[PDB]
Every structure is written in structure tokens, then in C-alpha cells.
Amino acid sequence: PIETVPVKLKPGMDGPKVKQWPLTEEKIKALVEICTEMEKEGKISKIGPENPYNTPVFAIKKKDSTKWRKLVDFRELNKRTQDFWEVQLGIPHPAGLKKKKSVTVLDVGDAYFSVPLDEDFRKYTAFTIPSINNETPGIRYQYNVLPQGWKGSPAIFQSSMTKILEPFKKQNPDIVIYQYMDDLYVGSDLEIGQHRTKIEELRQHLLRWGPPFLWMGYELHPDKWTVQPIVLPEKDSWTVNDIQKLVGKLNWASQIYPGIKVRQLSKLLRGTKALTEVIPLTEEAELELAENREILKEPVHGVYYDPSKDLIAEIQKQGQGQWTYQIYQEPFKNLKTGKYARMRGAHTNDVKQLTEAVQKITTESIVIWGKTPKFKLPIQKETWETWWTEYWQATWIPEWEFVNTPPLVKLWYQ
Amino acid sequence: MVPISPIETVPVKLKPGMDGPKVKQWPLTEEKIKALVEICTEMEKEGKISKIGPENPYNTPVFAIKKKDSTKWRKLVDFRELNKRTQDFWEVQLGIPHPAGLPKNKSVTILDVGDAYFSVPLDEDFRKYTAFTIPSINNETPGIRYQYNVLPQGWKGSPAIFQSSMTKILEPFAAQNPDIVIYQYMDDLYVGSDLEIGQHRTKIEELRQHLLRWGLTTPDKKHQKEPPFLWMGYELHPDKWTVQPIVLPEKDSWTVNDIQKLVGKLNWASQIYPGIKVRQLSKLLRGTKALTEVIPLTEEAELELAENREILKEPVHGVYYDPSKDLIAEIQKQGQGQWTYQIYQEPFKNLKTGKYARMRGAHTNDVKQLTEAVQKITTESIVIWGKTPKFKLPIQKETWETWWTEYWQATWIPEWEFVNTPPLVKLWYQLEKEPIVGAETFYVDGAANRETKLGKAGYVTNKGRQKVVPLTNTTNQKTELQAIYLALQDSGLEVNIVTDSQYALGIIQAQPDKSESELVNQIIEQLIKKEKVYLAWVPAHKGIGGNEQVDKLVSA
Ligand SMILES: COc1cc2nc(NC3CCN(Cc4ccc(C(N)=O)cc4)CC3)nc(Oc3c(C)cc(C#N)cc3C)c2cc1OC
Ligand SMILES: [Mg+2]
């Protein structure tokens, strides 16, 4: 790697000026140790006050690891960096990545440190190691090579990455590989018996052609990822409250599915009855419930993924460690629905459960469409921004907004 | 001649598409011209400036001012036009250390690097823009033109380039002497340590022997201050710290200049004086823009002002930080969205205090405010001390457990313990999960005409109980809340309520205990008196019995 790739920003856009948020002493000392080694390795260099740009940085610990990792929030820089069509006009996402059985996620982010960065773009990667209590000025750095978490890093290295993957693509033709940011998604249709040895075949294969976190592979199983269709209760005795929640659920589902009727189910609530009173189902109302039950068995008609529009992810807290979510581009047109349960390491911490849920949904969104959705988080802004970095474990960061009004749709996704 | 290490210049460029300033020189008096030529003659022989020819097209107006008793003129180059055209820089002097995070440092020596401020050179490719012309006597000879060779006083990039150049020089000294701390601010260096003074001065002389390698004459500060240092509005003593004397005046006609006076002083005093309020004084700050009108004082603001005066009688001092002890923060509720906290390591001696103001909204509760106060103190503690402190909160563990498990949002509070300090934060009401057996079921609804604002609200129950109330000057959303209040008012201790108002559900599901709407507050007061309340929602206009009967009675 000698020649640099001329990287530019979008027309009429200056570099990022994002303020560094406060960091604990353990994270500051960890970043100083990391950046000192990266400075000796030529990956980063000190900068002067003529560089006014900045990008936030913080330290995390990878899943099942005991060493701190330097994570950069390049969200503002990535949206200011130009679209990378310098080689390909746009790679359609591999649809076979979500139909495989066992998908392994590696971290080829360290391989980006072998390719230098355009000297005219290094000033835009500036970051600051903050000091405690403003005792000293923050330690200022900039990247000399391709940094992890930057949009242009996999695009620039895409020319050199394919040359390393060709001897293995020739070996196995029916294996799907996909790269997104600092992660390479490797999926195969064979069982886990040889999957560990097949991924191990790819571990040292990358090192000999050019790594702290390249020894672990996050395993996925998208062939068994369950979906959550609309389900109606099957009861032998229905109270007034049960029928009220039923029609309320069918009225909500009527906006998604055509032909849903609640007329015969309303004629049973005739009169002012107590909520706990059992109402016997008439055969005319049982037919309407059976008709609506068969309508919900079919998928939603007229749904489609548009690569031009953004993806939206809503999350509802259901309690007892259960979180439901929906991904869509248009309202009432869900592209994928799901439900998690038993968040490991977080039984009394909703924030850690929600944080891990955001990571899992974004991971699923990478396999299906190849991009990240904008989250609608059921949490106050001040609480989320204070603690989400403490439980974050991925190299990428999506966008999110906050929901302050309790949604009524929570009762139906439960 | 002893060789000196050159200070590396910082490459400075103008803003893209912009050129240097070309401002005409002001016609000055004969007495000012003679003074400016005499000082620029001295500045030129010291290497600070240098003469140029007529090739430089840029110019910056130079002035001459004089003090009160000092019968000496002084130049003042107005780089206002150049600062508009100079690139933006990275300011490393935005934040200021808080004394509560500074540890004990007995030995202290403050140096003056004033002569080093004008020794840092300027980028040579940029010196042509700092052109200024001294007018000649009677405008009969060409004006003498100079350009700055060093960082000029008043330029945009001068403070940031100086501190960056000073930090770069102090890095090897501050690394090989870990028992020495050095704080940079303006042309002053604050050096402290915990060693005995015998070792301190020797390391001070070592610092003087380190800065002279770049040719920086740094002696002791003239007229060294007394023990109580006056540093950024603080009084810094060896074992304690406090704020400079801040006392509020006794007036009877307060205007808008006194508006930023009381709030400015009380907020700056809340960091060490506990129990300080300012909300009743700040509620008079809604829409006043000018700085001359008078505002009458409400007795709620006068009582709040008098409460803080009693706290500002005797001065309160704070202790310095000790990393070997734990960090503890206790919070107390003061009333109407007012919260105060104390941060300490050993009891009865606080590192600092503070207050949190309720985020203004339509509906709120004490658990949200306490949660928001915890996140505020958490972020502040990471700034000053770099760690989250253990909290002492006036809320039961069972109360918090019931709150976060049933709250629709995700919420979290770091490690905390309950402290019995009234008033305590408590859940005033909890809605039921399932319908109540044996409780009367109230089917409520409301409606209002959008033109005449005439509305109705009421309920129908399974026991035959009914009510419809005509309303004047109301809305659809207001009649829906009115019907809820009527059902709670006319029901027993246990009640099931059936409504179709999504607006009313969103308010009640937010679990507020206080609101700016009097009608919602009446509903909350009704919910507290109850034993069990189940609120159920149904879609409107869907033939639901009890819901459509009460719908036609309010729709007129
Ligand atoms: C761990 O890093 C640091 C720790 C610092 N600690 C402290 N702690 C201070 C030390 C001074 N004392 C009063 C006193 C104490 C005894 C005496 C005496 N016996 O003559 C006089 C005054 C108050 C407390 N001051 C730092 O920087 C200063 C700041 C921020 C302001 C001033 C002023 N004006 C002076 C200094 C030295 C620190 C800087 C650090 O890093 C850059
Ligand atoms: Mg109605």
C-alpha cells in the first residue's frame, strides 16, 4: 500500500465539529495506552491547533474479552463523506446471506491499518482524548491510515480485500461472504462441526497477507430467526374485557390487513355489562373470528423494500426481559417483526437490555438489507445518552430518536 | 551565546475563498503618532515586528490608548476584520477546573510567562496579512508599515497557538516529574505539588532551566498573592475551598439587570451553598426581552429569596478531593420540581453542592425528576472526578422496583441506597393489570361541538348508574378527561373504567402525579383516594355496547 485514494467530502460540507463527551478515568487511561501504541505504529499522529475538527471517541470491551477497544463515533463524518462509487456504482445486497444456516461475524477492522489515508483527508478524522476536570488540554490525534468505523475504510480496502478472498471463493463456491464496515459476514449451509474449522481457515489467512480482535467469530443463525405474525387468542369462555381487547386488536390489524370485520364481535357486547362477565360466543360471531383468523395467516400484501428510503425500527418494552420490535419503511407495512427474551447480563437493568436489543436488531438489519435503521427508542434522551456507551460492544453505531408518548400498539405486539 | 530551540510554527491559512483585510488607516493625532513610532521602534529591534514595503496590499488599523494614572500611550491593533477571515481553530481553553475535583497540593508557585507570549513565532506565509500602517505627521510622508513576526495580541489564533506551543514544551517536563502538576491559563503557569518546599523550588528552578532552552524568561510573579487565591471567582485555601463573597442586595424595585443578577449569583452559589432555590425568581423570566422594565415581586418569590438569604448568612466551605475514599451523592426534594444534592466522601464535609430544575412539560412525576437529577449528577461527576458516585436517594427500594418494572419506558439508576430524609418519593397510584372482579364498570365518553364549544361528558355503568353533564367552553379532549373524573368521583374504592380516548390514555399511562392542567390534577387526586383502578381502552364507533350508548348521550 503506497498510493493513496483521493477522498473528498460532499459538496458544500465542512468537516465534523462534534464535542467529546465526558469519559471515566478507566476509559481515558485505556485510550491513552491504546493511542500511544498506535502512535508508535504510525497509525495516528499528534495534531496542532490549526485542526478544528473533532469526532468523539470512547472505550468498550468486546463480548467475551478482557481488553479495551478504541471505538470512534464516525456518524457525523460518514454522513459528510461522499458516496463511494469510485469503483462500483452500487452493490446490491446478497439476498442469500439471510437464507444460510450459520453466519460467522469477524472483525477485519485491524486489516484497515495497513492502507494509508489520503493526506488531504486525515484532518477530518481528528479526535480528542479528554482530560479529567479540565486539568490539561485534551490529547489531539488524527489518523494516518484507514480508521475503523469509517464509511470509506471498507470501500477503499475493497480493492485489496477481494484479492485475499479469491483463493477461498475458488475453493468453496456456495459460501456467501459479505463485508459491512469493520465486520465480515461469512455464512455456510453446513453444520457447526466444520464451521469452526472453516472460519479458522479464514483467520490466519488474512494475517499472512498483511490483529487484536480477529480471533473471535460472532456466530448467527438467520435460518431459524423467528417472526411474529398477528395471533388471536383461542378461548372457550370470553369475558367482556377479553372481547374488548379482541376487537381493539382486530381494529388495529384492520389498518394492515383488508377484510377484517368486527361487526359480529360487537353485537355480543350489546348493553352495559360488567368487564368480568362471560359472554357466550354465537356461531355468527365465531365465523367472523375464524374469517379474521385466516386473513392473518397470510402475509401483508403490497410490502416491498425500497433501497432509497430509510429503515425504521421501533421497540416496545414488554416487561420480564421481553422486548418486541418492528422494522419498516412505511407505517403499517412491517418488513420484519421479532421478539427477544432473557437478556444475558441484564436482569435489573432495562438500559443494558435495550442497548443489547439495539445491537441485535441492527445486526439482523445488516444481514437482510445491508444498512442500519433509525431507532425509535422507548427511553428519555438524558437517560440513554448517559449509559448506552457503557454496554455497547459493536464497531458501528446507528441513528436513534426518542419516544416520549406511550404507544398503544404495545398491547397488541405482546 | 547559548543556542535556543526554535518554537515550531503552526501553519495558518485564511478561510477558503477569502482574502486578507484591506482597512484604511485612521487619521491619528500628532501625539499618538509619536507614541506609536517610539514603541514600534522598540518592538522592531526585539524581533516582534518588521518593516515592509508598498508591495503588501493588506492593512489593519492601529490605534493608541492611554490609561488613567499611567502617563504612557499604548498601541492597539484592531484585528476585527482579520479575525473574520481567519480559519477556525481548536480552542483548548473552553473548560475550567472545578475546585471540588482538585486534590491537595500544599507547595504552589505561580509563574508568569508574559515575556514568552510574544516569543512564539507566527507562520511566515501568514505574516503578510498582519499588515498595519502608522500614519505620518501631516500626511506628508509615506506611512511606516510593519508586520507581526510573532503572535499578535488580539488575533483570533493567538490564544490557541500559544497554549498549544506551551503545552508541547511542558510535555516532557510534566512526564518526567509525575509529582508536579502544571496548569496553563493565559500568560500564567500554576505549578503545585505535595512535596516539601525545599524540593518544590528546586523543581521550579528545573522548570526555569527547561523553559530557557527555548529562550523563555520566566521568573516569579511580581507581588505574590496571599493564601486565599482569587481564581475564577473562587477562594482557594490549602485545606478548603469556597466562592468569593457573594451577597444579594436589599432592594424594592427590581428590573431586568437584576434578573441576571440574582439568578447568576444564586446559581454560582448553589455549587457550595446547599438548599438554594431560584425557580420562583426565574419564573418572572418568561418573555422579558428589554433590560429596563420593572417586575413586581410575588410573595412566593420573596419567600424563596428570604430562604436563600438565611443560607447566605454564614459562608460554607468545601473540601478537596481524595481518590482513596468513595464518592457519595445524596439528593433531597425541595418541592415543585426543586431538587438539591450534596457530593461528599466523608460525612458533614461536602466536596460541592448543586441543584436540578424540573424540565418543563405538561405532566410529570417525582420519579422522573429524581431519575433526571441522577443522570445530571452522574455526568457532572464524570467531568470533575472521572467516576460515577454512589447515590443516597429518598426513595424506597420497593418503590423503585415497582416503578421501573411497570414503567413503559426503559429506565435505570446506578448503584444507590435509600436514605430516610422526608419528603420521600412515592408512587401515589398504581393502575391494575387485569379487570377487577366485583367492581362497578363505568363506560365513559365525551364530545364537544368545535364551533360553539358546547360539550357533554358522562358515563353509564353495569348497575344502571348514569350521568351526563353539559359543559361550556370545552374541547373534545377536555370532555374525555372530564368523563374520567366523573367516573372516579361517583364510584367506590374499586372501579373499572372503559374509555375510547387515546389522548386520555397517553396522559394516564405516563403516570403523572402533578400537571399544569387543573382537570388532570383533579383526576390524579381522585386516583390517590382509590384502592384499585383498572383503565381499559376500546375503539370508538365500532358498535361496542356501553361505549356507543354513552357516545350518543354526549354527542347530543
Ligand atoms: C492532578 O492534576 C492536577 C491537580 C491540581 N490540583 C490543584 N490543587 C490546588 C492547589 C492549590 N490549592 C490552594 C493553595 C494551597 C496551599 C497554598 C500554600 N500553602 O501556600 C496556597 C494555595 C488549591 C488546590 N491545583 C491544580 O492547579 C491549579 C489550579 C487549577 C488553580 C490554581 C490557582 N489559583 C493553582 C493550581 C496549582 C492542579 C492541576 C492539575 O493538573 C493540571
Ligand atoms: Mg366517543
Side-chain angles (χ1 to χ4, degrees), chain A residues 21-28 30 58-61 68 130 132-133 317 321 343-358 377-393 402, chain B residues 100-101 321 323 325-333 339-345 347 350-356 359 365-407 409-421 424-425:
Chain A
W21 57 70
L23 301 181
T24 62
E25 186 164 13
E26 57 174 350
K27 297 192 186 69
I28 292 176
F58 62 108
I60 63 177
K61 307 183 75 65
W68 292 93
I132 302 177
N133 201 22
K317 172 184 171 183
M343 291 298 182
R344 283 186 290 264
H347 177 42
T348 60
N349 193 332
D350 284 338
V351 158
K352 186 175 181 181
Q353 299 184 21
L354 180 63
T355 303
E356 296 172 354
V358 170
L377 300 177
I379 187 174
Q380 292 295 133
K381 165 176 149 65
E382 295 76 17
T383 302
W384 170 266
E385 297 181 349
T386 310
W387 297 106
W388 75 266
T389 59
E390 210 72 21
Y391 320 104
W392 203 258
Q393 292 175 336
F402 307 97
Chain B
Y321 182 53
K325 302 185 183 303
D326 287 329
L327 206 62
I328 308 177
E330 183 179 354
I331 309 179
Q332 299 88 17
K333 175 188 177 182
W339 300 84
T340 179
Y341 60 93
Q342 301 80 47
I343 300 181
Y344 62 94
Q345 308 188 257
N350 295 330
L351 298 166
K352 73 175 300 300
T353 63
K355 55 179 174 57
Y356 170 74
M359 297 195 306
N365 61 79
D366 291 337
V367 187
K368 292 189 191 124
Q369 305 174 20
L370 181 59
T371 298
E372 296 161 6
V374 167
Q375 314 295 345
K376 171 207 184 69
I377 300 164
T378 295
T379 304
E380 191 189 18
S381 300
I382 300 179
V383 177
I384 303 185
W385 295 288
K387 60 173 297 181
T388 301
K390 295 173 57 182
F391 283 92
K392 303 300 180 180
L393 307 181
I395 180 176
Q396 296 277 17
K397 284 288 179 177
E398 180 183 2
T399 299
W400 173 253
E401 176 82 2
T402 305
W403 162 258
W404 77 266
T405 49
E406 302 295 333
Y407 193 44
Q409 276 186 348
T411 178
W412 162 261
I413 292 302
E415 174 179 345
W416 64 280
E417 289 187 348
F418 162 66
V419 49
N420 194 332
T421 305
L424 302 176
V425 179

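Heavy-atom basis, side chains included; hydrogens, waters and symmetry copies ignored. In what follows, chains are A, B, ... by sequence order, proteins preceding strands, each numbered from 1.
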Would you compute the distance between atom [atom1] of [X] and atom [atom2] of [Y] and round it to the nearest 0.5 angstrom?
X: B/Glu417; Y: B/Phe391; atom1: CD; atom2: CZ; result: 13.0 Å
X: B/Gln332; Y: B/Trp339; atom1: CD; atom2: CH2; result: 10.0 Å
X: B/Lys387; Y: A/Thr24; atom1: NZ; atom2: OG1; result: 11.0 Å

List in chain and number order the residues that pass side-chain contact (heavy atoms from CB on, under 4.5 Å) with [X], two or more places apart in sequence or in another chain; answer none if no residue qualifies.
X: B/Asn350; value: B/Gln342, B/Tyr344, B/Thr353
X: A/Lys61; value: A/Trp68
X: A/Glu25; value: A/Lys29, A/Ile132

- By side chain to side chain donor-acceptor pair (under 3.5 Å), which residues pair with B/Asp366, not counting sequence neighbours?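 Only B/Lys333 meet the side chain to side chain donor-acceptor pair (under 3.5 Å) criterion with B/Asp366.
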- B/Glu330/B/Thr421 under side-chain contact (heavy atoms from CB on, under 4.5 Å): CA gap, chis, key distance, verdict: CA-CA 10 Å; B/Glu330 183 179 354; B/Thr421 305; 3.5 Å; yes
For a quick test of your reading: what N or O donor-acceptor pairs under 3.5 Å do the side chains of residues 379-386 of chain A make, sequence neighbours left out?
| unit_1 | atom_1 | unit_2 | atom_2 | d |
| --- | --- | --- | --- | --- |
| A/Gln380 | OE1 | A/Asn404 | ND2 | 3.2 |
| A/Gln380 | OE1 | B/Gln409 | NE2 | 3.4 |
| A/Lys381 | NZ | A/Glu385 | OE1 | 3.0 |
| A/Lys381 | NZ | A/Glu385 | OE2 | 2.5 |
| A/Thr386 | OG1 | A/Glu382 | O | 2.4 |

- Query: What's the shortest heavy-atom distance between B/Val383 and A/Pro22, and which atoms?
  - Reply: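 Looking at all heavy atoms of both residues, the shortest contact is CG2-CG, 3.5 Å.
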- Nearest heavy atoms of B/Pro394 and B/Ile331, plus distance in Å: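 Smallest interatomic distance, heavy atoms only, reads CD-O, 3.2 Å.
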- Query: Do side-chain atoms of B/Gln345 reach the backbone of B/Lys325 as a donor and acceptor pair under 3.5 angstrom?
  - Reply: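 Confirmed, B/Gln345 side chain pairs with B/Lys325 backbone.
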- Task: Step by step, work out the side chain to side chain donor-acceptor pair (under 3.5 Å) result for A/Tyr391 and A/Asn349.
- Result: CA-CA 11 Å; A/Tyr391 320 104; A/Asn349 193 332; 2.8 Å; yes
- Item | Trace of the side-chain contact (heavy atoms from CB on, under 4.5 Å) decision for B/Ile413 with B/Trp404 | CA-CA 10 Å; B/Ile413 292 302; B/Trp404 77 266; over 6 Å; no
Only distances under 3.5 Å count here; give the side-chain donor-acceptor pairs of residues 370-382 of chain B to other protein atoms, sequence neighbours excluded, each with its distance to 0.1 Å.
| unit_1 | atom_1 | unit_2 | atom_2 | d |
| --- | --- | --- | --- | --- |
| B/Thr371 | OG1 | B/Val367 | O | 2.7 |
| B/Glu372 | OE1 | B/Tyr356 | OH | 2.5 |
| B/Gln375 | OE1 | A/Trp387 | NE1 | 2.7 |
| B/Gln375 | NE2 | B/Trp412 | O | 3.0 |
| B/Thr378 | OG1 | B/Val374 | O | 2.7 |
| B/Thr379 | OG1 | B/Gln375 | O | 3.1 |
| B/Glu380 | OE1 | B/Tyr341 | OH | 2.6 |
| B/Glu380 | OE2 | B/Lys352 | NZ | 3.1 |
| B/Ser381 | OG | B/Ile377 | O | 2.8 |

